[PDB]
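Please treat every number below as a calculation from the coordinates, not as lab data. When we count neighbours, we look across all protein chains shown, and the Cβ atoms used for this are built from the backbone with ideal geometry, even at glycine.
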Amino acid sequence: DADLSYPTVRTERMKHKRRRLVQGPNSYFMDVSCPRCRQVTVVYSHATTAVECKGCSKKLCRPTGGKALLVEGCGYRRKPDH
Amino acid sequence: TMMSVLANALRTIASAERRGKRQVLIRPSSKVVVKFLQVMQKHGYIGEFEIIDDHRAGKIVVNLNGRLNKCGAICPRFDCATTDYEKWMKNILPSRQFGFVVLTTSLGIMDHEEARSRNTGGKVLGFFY
Amino acid sequence: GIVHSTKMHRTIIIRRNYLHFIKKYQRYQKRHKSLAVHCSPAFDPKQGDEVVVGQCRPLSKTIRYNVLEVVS
Amino acid sequence: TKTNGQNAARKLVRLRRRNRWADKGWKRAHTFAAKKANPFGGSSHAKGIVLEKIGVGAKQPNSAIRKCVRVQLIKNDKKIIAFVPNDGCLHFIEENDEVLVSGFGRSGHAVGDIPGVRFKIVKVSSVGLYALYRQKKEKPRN
Amino acid sequence: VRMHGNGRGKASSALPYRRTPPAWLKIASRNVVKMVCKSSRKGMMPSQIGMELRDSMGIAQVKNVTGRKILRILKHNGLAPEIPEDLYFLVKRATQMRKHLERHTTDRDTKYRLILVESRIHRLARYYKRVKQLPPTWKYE
RNA sequence: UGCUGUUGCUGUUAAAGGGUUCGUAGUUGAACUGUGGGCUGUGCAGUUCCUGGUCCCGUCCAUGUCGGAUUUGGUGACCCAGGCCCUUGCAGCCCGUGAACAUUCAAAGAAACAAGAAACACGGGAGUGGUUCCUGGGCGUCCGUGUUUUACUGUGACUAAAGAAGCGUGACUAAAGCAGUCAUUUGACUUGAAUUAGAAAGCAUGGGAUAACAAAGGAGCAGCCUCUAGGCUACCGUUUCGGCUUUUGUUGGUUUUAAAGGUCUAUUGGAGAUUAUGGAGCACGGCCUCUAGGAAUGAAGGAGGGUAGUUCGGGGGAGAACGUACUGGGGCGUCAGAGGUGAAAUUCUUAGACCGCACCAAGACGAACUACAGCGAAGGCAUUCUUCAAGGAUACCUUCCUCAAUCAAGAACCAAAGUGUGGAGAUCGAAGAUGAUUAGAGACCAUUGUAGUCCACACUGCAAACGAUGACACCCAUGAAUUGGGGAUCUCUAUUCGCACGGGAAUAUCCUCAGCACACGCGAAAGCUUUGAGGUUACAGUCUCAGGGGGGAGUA
């Protein structure tokens, strides 16, 4: 039933990012708005760093291992890919 | 440690033809892997390719029609003078009729029969019956 | 050939690398030969420079060749 | 498994020089160790003098007393127990007779049922031994 | 497989096929190039510089925006480190393990993990001399 | 005799993977610079127009829900079709292309220009070219001034005969030989005596796929071209006087003018692979400023490095404690046995053993939880708390850009026993002693006991160091599980617990990477199987180690 060169949605949603036919990223930039000041900073999905608001320095996310935790109801808006 | 990227390529085709698969997906495409396949395709032993861009090294997806018995690579790539087609015809091919030995020549990758007629010799790559 | 070592006075040792073919095994081999070659003080070759080398009458005991050109 | 490559021909040439010595039909041809010990010293036949007549009790289940001789080789001075090949032929041999000696035919080892006897007599005093047994020539009296 | 020791684990960033920067980046190339250098004068490495850009400032790939990788940007400005950074962080591990083992001389596990780490350094230091990026007399000590 | 294996062997158990890891010589090494086009005639495969043989729409019925028919049905759907050079691809043929793109158009791309070109353009020689060649341009020759090889392959030179392969030939045949055959005579055949192979290396010259050498390492750089005008200016050479381009009739001496080149200024036309009317500093503007800088293949389900969960774990070192137990010792009680065995006895006991409480001292040890679990390169690793360097896995649109794989020699580590010097000395215990057993029996059993077992610092490197299975890479189907990490549910979304090491912990469903494990095919068989012994006579991914009937002998 299946083609190798045109795989179904259900098969390739499962695969590892390297095992895709493509090699894509699993990450995205979110548009984050600090709760303490109304201000907007782009934040990378997997942050691996302390990320602070610019006006107030709030530490808007935790580094935690897989995927960074945003802080305390700060608004995320997910940016496009392009 | 991918030593020869044909070795890896033509095994998969070989060992996924022995299983009756309709398609094979081959990991590191290369200028030689294509030119080899396009010789297989000339004589009817493979249907179609897709060469997919990863931006790095492609991935070939070959449609098998069921007509391949084996695909080798000859690893050290011994030479052939045009008088040496009889060794390779004799040792690596099943009959003097239907096999093919693929060579690299000045003129390019081609069969041992395309080479006898053009009189070039070259280095051996592989075979397919 | 390459210039192997310069330590002699006004003379030089070139190594000439080649592959040799053993019939039984149908494969090759690394080999080398080294020569004593006279370098006129016109040239100043350093270890590693390819050099063109001409035939001469015997000059020293081991020197039959003479450096024509330094290719770098 | 073995090593493979265009430029690998040292490893292959060396690896055979090393692994042929493990061979025995020739770990024989390459050892002087063979030549010094073959009392013929490499030659197909040899002449001895007969020192002594000897019975040799045959080996294993076979019972017999095989008719053998000691021999003093004229080349090497070595001493050899050799076999007299046929019926009663030990009567054609006397002590101190010159005797031409040959191998049994498994090159350096004894032919089954004579314990450790590698050689047989082909001639007695320049007359053939089988040609005496089968009656053809008369042993020259000297 | 892995250089020394046996893991086979495979985890890596997988870069996207599409290399044009997003539409939402309003940062000019010359404003990126100056961030790189501005933060390299703070005594940072490139492997970190590229994070503070993708983390906070949202620049995924500096080659894709700036025309060029985080070191031509440093090598052009003379801010490039004296020792390649893959080599600097190995010397930095080896020395701490040398300081560790100076009190603890029965600790055999890290006496063997040195033997590995140092044998790396000498392979990189063999690369970076061959490639001419180290002075050919560079030595461990 | 595929029993030496390049073609072409074997290595779980038959002989044979080093105990593990690092590692030099050596061998092997990822992808990329690259489907040239158009026109004609002719062979192949995939939108005009014509079909009405379908399904869809609709109608009639209405049939509670498995009838149906209905014509026009309906540019709907569909179809079987056409010598439509309208189609696109493709075979074969002719033939044109400065032929990507740009650029030129003069008599047929001339000239400039783009591209290529040292087999070249740039100047020059009469002692060049059979007496200076051809029709202002052009070849030939020589000289002066301004970048590619090699393997491989094709062809060709260059190479003694005998020998081998081979043509011709009735030496009567044959092994040979190079001879002979024919007329018809007072020679004829232009008499025959061909031809091929003959490692490697060396020679010349085509080809440029696969490869190798060398160089590079990317700011470690880097030339815009062009018309004219002017100005200045020797040119080389140096140790002291040296060198110098033709013409002026000639040679020697002097000197001027002139080009040439250089250098300074002047602007003529055009480029530019990275925007100067631009960035930078003091929405438009000046002012003042400071002025090269962005032209680089890519980022390997190859390697190294980074950061993160204060992630994971009997991984490793250190320091404090902790836990019952064996033994020993007092205290505190009791009185006659205790121990040990198949049965005893050696041994301990009224000088109080055995036994029972609570402790104290010392050394070892970490039960149950503990598994077809985890960690470590192997050897090995099990209480807790602190502490010191690390390690893997995972996460990531970080960094780097071939740094790699395997390895003679070489280095480090290696259980138990051993060995050296100090410590320790509870338990167990080679040697030893004693009692049994026995035909005999230091043996096996019992009471003992030294070295030892434990620790620090040194050696040794001798395992059934085993998975009896070398390392790295690829392909490979199934079912339920398991340990790390991550993701989704916040078509699967759900359960139980409730400031404080906690926006938490565990679970459920599903996925995913990484670890230990419980269909093909192969195999002498036992058996192996995405954890191979599979993908191997249809024999070729790379490196390396060991084996060649049994002994002798791992001996001399």
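The 3J(HN,Hα) values that the Karplus relation (6.51, -1.76, 1.60; θ = phi - 60°) gives for the range A:15-24 are, in residue order, 5, 4, 5, 6, 7, 5, 5, 8, 6, x Hz. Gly and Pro appear as x. Between the C-alpha center of the range C:22-43 and that of the range D:47-99 there is a gap of 64 Å. If only the Cβ of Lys and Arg carry +1 and only the Cβ of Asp and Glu carry -1, the dipole of the range B:1-68 around its Cα centre is close to 220 debye. For peptide A:20-29, the mean count of partner chain Cβ atoms within 10 Å of a residue's Cβ comes to 5.
Our note on the geometry: Cα centres of the range A:1-54 and the range B:1-75, 33 Å apart.
Mind jotting down the distance between the C-alpha centroids of the range B:80-115 and the range E:73-131, whole Å? Cα centroid to Cα centroid, the span is 53 Å. Partner shielding of D:4-15 amounts to 5, given as the average count of beta-carbon atoms from other chains within 10 Å of each residue beta-carbon. Residues whose amide H falls under 5 Å from that of B:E48, counting only those 5 or more places apart or on a different chain, are B:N63, with hydrogens built in the peptide plane.
Placing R0 at 60 angstrom, the Cβ-Cβ distance between E:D107 and C:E50 gives a FRET efficiency of 0.70 after rounding to 0.05.
For chain A, adding -39500 (n - 2.57) for each run of n ≥ 4 DSSP H residues and dividing by the number of residues yields -500 deg cm²/dmol at 222 nm.
Mean per-residue shielding of peptide E:5-12 is 1, counting Cβ atoms of other chains within 10 Å of each Cβ. Proximity of backbone amide H atoms, modeled 1.01 Å from N, is registered between D:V122 and D:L100, D:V101, D:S102 at under 5 Å, excluding neighbours fewer than 5 places apart on the same chain.
Pairs of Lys residues in chain A are counted when their Cα atoms are under 26 angstrom apart and they lie 8 or more places apart or on different chains; the count is 11. Between the helical axis of D:9-20 and the longest alpha-carbon principal axis of chain D there is an angle of about 30 degrees. Of all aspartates and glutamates in the structure, the ones whose alpha carbon falls short of 20 Å from that of E:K132, not counting any fewer than 8 places away in one chain, are C:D49, E:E82, E:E85, E:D86, E:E141. Modelled label positions at B:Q38 and E:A28, each set 7 Å beyond Cα in the direction of Cβ, lie 4.7 nm from each other. Partners of D:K11 within straight-line reach, counting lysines whose Cα lies under 19 Å from its Cα and excluding those fewer than 8 residues away in the same chain: C:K23, C:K24, C:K30, D:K2.
Counting every other Cβ atom within 10 Å of each residue's Cβ, B:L68, C:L68 order from fewest to most as C:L68, B:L68. Whole-Hz Karplus values for the range D:104-119 come out as 6, x, 9, 2, x, 10, 5, 5, x, 5, 9, x, x, 10, 9, 9 Hz, taken residue by residue from phi with 6.51 cos²θ - 1.76 cosθ + 1.60 and θ = phi - 60°; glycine and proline positions read x.
Amide H contacts under 5 Å for A:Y28: A:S45, A:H46, restricted to partners 5 or more places along the chain or on a different chain, H placed in the peptide plane at 1.01 Å from N.
Taking the Cβ of each residue in C:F21, B:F100, B:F78 as the centre, tally the other Cβ atoms inside 10 Å and list the residues starting with the fewest. Provide the component values of the computation, followed by the final result.
Values: C:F21 11, B:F100 20, B:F78 14.
Fewest-to-most Cβ neighbours within 10 Å comes out as C:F21, B:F78, B:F100.
Can you pick out the pairs among B:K35/C:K33; C:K33/D:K36; D:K35/D:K136; D:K35/D:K59; E:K42/E:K99 whose Cα atoms lie more than 32 Å from each other? Kindly include the intermediate steps, with their values, before the conclusion.
Numbers: B:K35/C:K33 40 Å; C:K33/D:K36 41 Å; D:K35/D:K136 36 Å; D:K35/D:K59 28 Å; E:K42/E:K99 27 Å.
Beyond 32 Å between Cα atoms: B:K35/C:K33; C:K33/D:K36; D:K35/D:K136.
Largest mean-square fluctuation among E:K42, E:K34, E:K69, in a Gaussian network model of chain E whose springs join Cα atoms under 10 Å apart, belongs to E:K42.
Each of B:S95, C:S5 has some number of other Cβ atoms within 10 Å of its Cβ, and from fewest to most they run B:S95, C:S5.
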